[PDB]
Amino acid sequence: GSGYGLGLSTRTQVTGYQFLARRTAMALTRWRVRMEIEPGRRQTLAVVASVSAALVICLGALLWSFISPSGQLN
Amino acid sequence: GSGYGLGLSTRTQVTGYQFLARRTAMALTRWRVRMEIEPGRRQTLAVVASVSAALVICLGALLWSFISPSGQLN
Amino acid sequence: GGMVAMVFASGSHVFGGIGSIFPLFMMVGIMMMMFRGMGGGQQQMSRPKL
Amino acid sequence: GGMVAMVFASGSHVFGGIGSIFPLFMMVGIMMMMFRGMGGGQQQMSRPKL
Amino acid sequence: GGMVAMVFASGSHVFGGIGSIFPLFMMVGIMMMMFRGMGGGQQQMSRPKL
């Protein structure tokens with residue numbers, strides 16, 4: 001049938017698929033599709049914020065290593 | 001006569017004359033007035049650009065003289 | 001800011017006058033892009049109006 | 001690019017090796033900001049509304 | 001910039017700090033004068049749309 005194989009694609013189709021993926025994912029855990037509020041989005045974003053904060057602090061540590069190193073003896 | 005003498009003039013009358021001059025000039029060389037594109041304009045501008053580029057380099061040379069003149073020996 | 005501060009700890013102190021003109025103007029370009037990002041307006045919805 | 005070049009010409013040599021991570025990430029961050037596309041008052045169509 | 005560079009080669013070295021505020025602020029005015037020429041319209045007829 002139609003749609004098989006590695007054909008071309010567009011940016012409107014990529015978001016279209018992400019909409020069906022979120023909506024069906026909700027139906028497996030909440031058994032309803034109303035989606036007045038979309039908690040999957042929020043719960044994912046919270047992890048992205050967490051990872052970002054860890055890396056930001058990570059860069060902060062590297063910045064101090066060059067400003068005030070341990071090698072300044074004598 | 002109607003237009004003789006040395007009376008005052010306005011901005012719209014200045015462009016008005018230069019338009020009649022361009023249209024009648026090409027009529028002497030190409031024998032047609034359709035003027036799809038107006039090549040007289042471009043060929044003139046190309047000379048103006050040439051003089052401007054010469055002045056830029058010329059002025060660029062004077063700037064170099066002050067940065068490093070001949071009398072600063074040793 | 002981090003890129004700028006790291007140079008001072010090395011003691012090169014290349015900034016000031018001739019040097020400072022780069023980071024000074026470059027900083028403006030970033031602000032100029034975020035302004036166009038919050039583009040548009042006139043929507044005028046707000047807690048005090050509702 | 002001028003700033004990294006200015007520091008190198010001045011003899012600091014601080015950005016050699018891992019220090020280069022700062023200019024590299026900034027260039028990436030700059031690329032992301034100017035590549036978001038049109039989001040306006042007429043160009044209202046965007047993921048949150050579609 | 002040429003007017004600026006020409007003074008350093010003469011050794012007056014009057015720029016930096018107090019002095020540099022003039023050419024720094026002066027530069028914005030010229031840029032402000034060109035952007036005013038940008039207000040000629042708000043439309044597109046680009047090759048991608050044609």
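Counting neighbours? That spans all protein chains shown, and the Cβs are built from the backbone with ideal geometry, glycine included. Just so it is clear, none of the values below were taken in a lab; they were calculated from the coordinates.
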Return C:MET34, D:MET33, B:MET26 ranked ascending by Cβ neighbour count within 10 Å, so the fewest neighbours appear first. C:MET34, D:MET33, B:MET26
Helix-derived mean residue ellipticity, 222 nm - over chain E, DSSP H n ≥ 4, -39500 (n - 2.57), to 500: -15000 deg cm²/dmol
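Per-residue mean of other chain beta-carbon atoms within 10 angstrom of the beta-carbon, peptide C:19-28? Mind dumping the intermediate values first?
Values: counts 6, 4, 7, 5, 2, 3, 4, 4, 0, 2.
Mean shielding count: 4.
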What's the exposure ranking of A:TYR4, A:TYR17, going from fewest to most Cβ atoms within 10 Å? A:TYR4, A:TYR17
Pairwise centroid distance, computed over Cα atoms, of chain C with region B:1-33, Å: 54 Å
By the C-alpha gyration tensor axes a ≥ b ≥ c (rounded if a/c is under 1.5, else prolate when a/b exceeds b/c, else oblate), the shape of the protein assembly as shown is oblate
Whole-Hz Karplus ³J(HN,Hα) for region A:65-70, in order, using 6.51 cos²θ - 1.76 cosθ + 1.60 and θ = phi - 60°, x for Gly and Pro? 4, 7, 6, 9, x, 7
